[PDB]
Structure formats: structure tokens, C-alpha cells
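# Summary of structural features
Here are the chains, one letter per residue:
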Amino acid sequence: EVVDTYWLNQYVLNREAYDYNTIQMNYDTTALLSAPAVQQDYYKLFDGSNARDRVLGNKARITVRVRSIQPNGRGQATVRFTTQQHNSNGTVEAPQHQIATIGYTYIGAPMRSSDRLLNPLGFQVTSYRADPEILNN
Amino acid sequence: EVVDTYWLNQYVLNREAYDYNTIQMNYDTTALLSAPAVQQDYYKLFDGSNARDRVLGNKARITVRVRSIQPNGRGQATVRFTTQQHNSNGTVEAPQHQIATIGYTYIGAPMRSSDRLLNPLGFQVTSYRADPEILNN
Amino acid sequence: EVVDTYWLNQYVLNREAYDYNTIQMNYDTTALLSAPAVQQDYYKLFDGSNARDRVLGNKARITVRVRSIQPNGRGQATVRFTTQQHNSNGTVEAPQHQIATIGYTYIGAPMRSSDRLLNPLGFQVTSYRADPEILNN
């Protein structure tokens, strides 16, 4: 649980977050921690006219933080986290709450210096979804 | 070597780097990966009139990247990395080259959710120094 | 000049510096970058009742940084550097200024993994001295 929750946290934070200035590392890291199917789903978020690269670009940024992760089975865990948007005019949008479900495995140590210094454990997401949390409190 | 080089990289990058917007996490992470002696040396960099918080503040930022890490013994490794300063006027200072020497151990898994989700392995720096690299090429 | 100044810097810094925690690497590195005559002069600094290992031990440490290196001939260069002593009570002694004169050559690549990963070029000091700088400014 300790090791898996770390990877699940780092995966969600980097995947969901955005900053023009650091995204290249978060982008490559997310891919490094994703199965090709998952990598493609992720890559597509930066494509077309509605691309994160065009919508947020260098005008707005996304901050992500994980509150709690609890494994529930055989390659599966639930991640409870929040997200918020900041921008160039100094304003901040109200924070949203989201929950990710992550299917995962490990593929063992990678054999490239550019990969082992980022994901030595071989963490890999095989399935991913994240829905809005409804705060029925 | 794979696991230790990761921790040594993340330690140096977060320790040496600075961004008003993300430093609270890098600051706490550095402390989490540092022996109290080391933590104090680090904390002091944010103190007084020459504090990183006042010198860089929200006017300038530091970008750090590690090129190569090679362990050399019994709790000791050499980290070769670069650093550069960016600012609010859109300018960039010439990059500098530096080499860190890190003495380290591991203290095992921590027993707080706020620590295990950042340093589950227990990485801890017990000694740290970083000098300018002289590019006698 | 670029390559030689690097080796001259790394040699002086590691030779003159001291930290109980990292000295084994600096010690072996210095020897790796020294002619047997030079290695012996160096080894002797850790011998007897006035040994660096007993004087500094784990109570005090030496920090060394090189300001400038300028080659002057046929296997010879001048290294301008500073040094300071720190200790366990949290105090720091006033920094001193020193100048080293280094006679040197290269012996080509070494044939042991423990040597090539530290001195692949074969840098070797054949003569060494360092005197106090008199700041007649």
C-alpha cells in the first residue's frame, strides 16, 4: 500500500495538472507510467482545437493535489483528489473535487537512463478514469 | 543504483530549484528527505535579508535539471547537474553547471500519511555540498 | 584549457577539502589523480597524531572552492582558490585564500572499472604545492 499509493498519487497529480513551464516533464512522466492504450488517451488531451496546450496554453494553469488513496484489490485503487484553475490575471476558479479509478501493474525496471531515473519500479497504468465528486454532504 | 539515483536526483532538483508557486512542496519534500542537520542547513537558505524567499521571491525563479548520477561507495554518490535563472521580465540568465556530493542513508518507511506519500523508502541525506563545475574543456 | 582546468579544479577541491562522511571518495579520487610521489605526500596528511582524520575527525569539516585556473606552459597550471572550516557547534572560521601550483600529465585511460568511472582521461599530478595568498589589496 505505501509504494502503490505513491505511484498512484504521482500519476494522478502529474496527469491531471498543467503548467506550460513544467508540463514537458509531467507529460513524459505520465507516459512513462502508462500502458500504450493509456498513453494514447493522455496524448489526445493535448490534440485538436480544444487541446490543453491551446485552452490553458500559457494563460491558465491547473493545480492538483491528492487527499487520499486506498487500494481495493488486485491491481486497482481509488484516488480522491482536488483540482483548481489559476491564471495570468491573478484570479483563481473555485476548486473542484474528483475521484480517479486506476487499474495498474508494474513492468519491472526500464532499460534506459531517461526512464529509470523517473520510474525505476516500472509502475504502469493499464486503465484510467476520473469522474467529478458529488459533495452530497 | 537505480533507486538511489532517483532519490539523489529528486533531492537535488527540489533542493536547488525554486518557484514561488511550487516551493512549499519542494521545501517540505527536501526536509522529508534530509537528516535534521541537513534540514537546518536547507531551512537557513530561506532566512534573513538574503533569503531565497526575498531574493527570488515572486520576481525570479530557478530551474534545475540533473544530467547524471553515479554512486561511489557506502552511502555516497556524485550528482552532476545544471541550473538557470528565469524572471518576470521574460529574460533568462546563462546556465551554470554544478556538482553535488551527497552522503545518505535510508530510515525506512515513515509513519504519517503526509510523509509516506512523498518518501515511502525513507531516503535521507546526512551530508550535502554542491560546488560550481569548472568547464575546463 | 577547458579540460585541464576541470581536472585541476576537481583535484584541488577534493585534495584540500574534508568531510568525514565523503572523504573516502575524495581520498581515493585524489590518489587516482596523483603520481605515486604525490599520492604518498597526500596519504601522509592523514597520518600521525596531527592527522586530518584526528584533527578534523567528525568534529570539524573543510569546504573548498576554486575561483580561477589558468594554465601556464607544458604540464603546469596555477589554481586560485579559497578554503574555510565549519564545525559541530555550528560555527565557521574566517575563510582563507590559497594558491596551488600543479605539475601534471595524463597517463591515458586506466584499466579497472573502479578507476575509469572516476578518471577516464588519466589525469595525474606529478608535483603539487599550495601556499597562502597574501591579500595585499
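Residues numbered from 1 in each chain as written, not as in the entry; some residues may be left out. Chains lettered and ligands numbered in written order. Heavy atoms only, no water. Residues with missing side-chain atoms left out of burial classes, pairs and counts.

## A word on the overall build of chain A
Scanning chain A for helices and strands turns up five helices and four strands. In chain A, the succession of helices and strands from N to C terminus is α-α-α-α-β-β-β-α-β. The C-alpha radius of gyration computed for chain A amounts to 15 Å, which stays within 12% of the reference 14 Å derived for 137 residues, consistent with globular compactness. With respect to the three principal axes, the spread of C-alpha positions in chain A is 45 × 40 × 25 Å. Relative to all contacts within chain A whose residues are 6 or more apart in sequence, the contacts with residues 24 or more apart total 40%. (Helix = DSSP H or I, 4+ residues; strand = E, 2+ residues; numbered from the N terminus. Rg over C-alpha atoms; globule rule 2.2 N^0.38 Å. Contact = heavy atoms within 4.5 Å.)

## Structural notes on the interface of chain C and chain B
Chain C puts six residues into the contact, and the matching count from chain B is four residues. Class assignment of the residues belonging to the side of chain C that touches chain B gives a composition of three nonpolar, one polar and two charged. (Nonpolar A, V, L, I, M, F, W, Y, C, P; charged D, E, K, R; others polar.)

## Comments concerning the sheet that holds strand β2 (residues 76-87) of chain B
Residues and elements named next belong to chain B. Sheet architecture is open: four strands sit in the order β1-β2-β3-β4, paired in antiparallel fashion. The open sheet has two edge strands with one neighbour each: β1 (60-71) and β4 (123-132). Each strand of the sheet is rotated relative to its neighbour by a mean of 30°, with strand direction disregarded. Sheet analysis places β1 next to β2, joined by eleven bridges and oriented antiparallel. Its bridge partner lying in β2, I62 is registered against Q85. (Pairing = 2+ DSSP bridges. Axes fitted to C-alpha atoms, helices over the stretch in contact; angles between N-to-C directions.)

## A short note on the sheet that holds strand β1 (residues 60-71) of chain A
All names here are of chain A. With antiparallel pairing, the four strands of this open sheet are ordered in space as β1-β2-β3-β4. Of all strands in the sheet, those with a lone pairing partner are β1 and β4 (123-132), marking the two edges. Each adjacent strand pair in this sheet contributes to an overall mean axis angle of 30°, direction not counted. Pairing analysis gives nine bridges linking strand β3 (residues 96-106) to β4, with the strands arranged antiparallel. By the bridge assignment, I102 is partnered in β4 with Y128.

## Points about the pairing of strand β3 (residues 96-106) of chain C
Taken together, the eight bridges between strand β2 (residues 76-87) of chain C and β3(C) define a ladder with antiparallel strand orientation. Following the sheet pairing, C:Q76 is matched in β3(C) by C:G103.

## Concerning the arrangement of the chains
The highest contact count of any of the two pairs of chains in contact belongs to chains B and C. Over all C-alpha pairs, chain A and chain C never come within contact, reaching a minimum spacing of 16 Å.

## Quick look at the environment of A:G122
Note on placement: A:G122 falls in the loop between α5 (113-116) and β4. With residues near it in sequence (within four places) discarded, A:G122 still touches A:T105, A:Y106, A:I107 and A:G108.

## Quick look at the environment of B:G75
Residues and elements named next belong to chain B. As for its placement among the helices and strands, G75 is situated in the loop between β1 and β2. Once the C-alpha coordinates of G75 and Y106 are considered, the two residues, 31 residues apart in sequence, prove to be 9.1 Å apart. Beyond its immediate chain neighbours, meaning those up to four positions away, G75 contacts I102, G103 and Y104.

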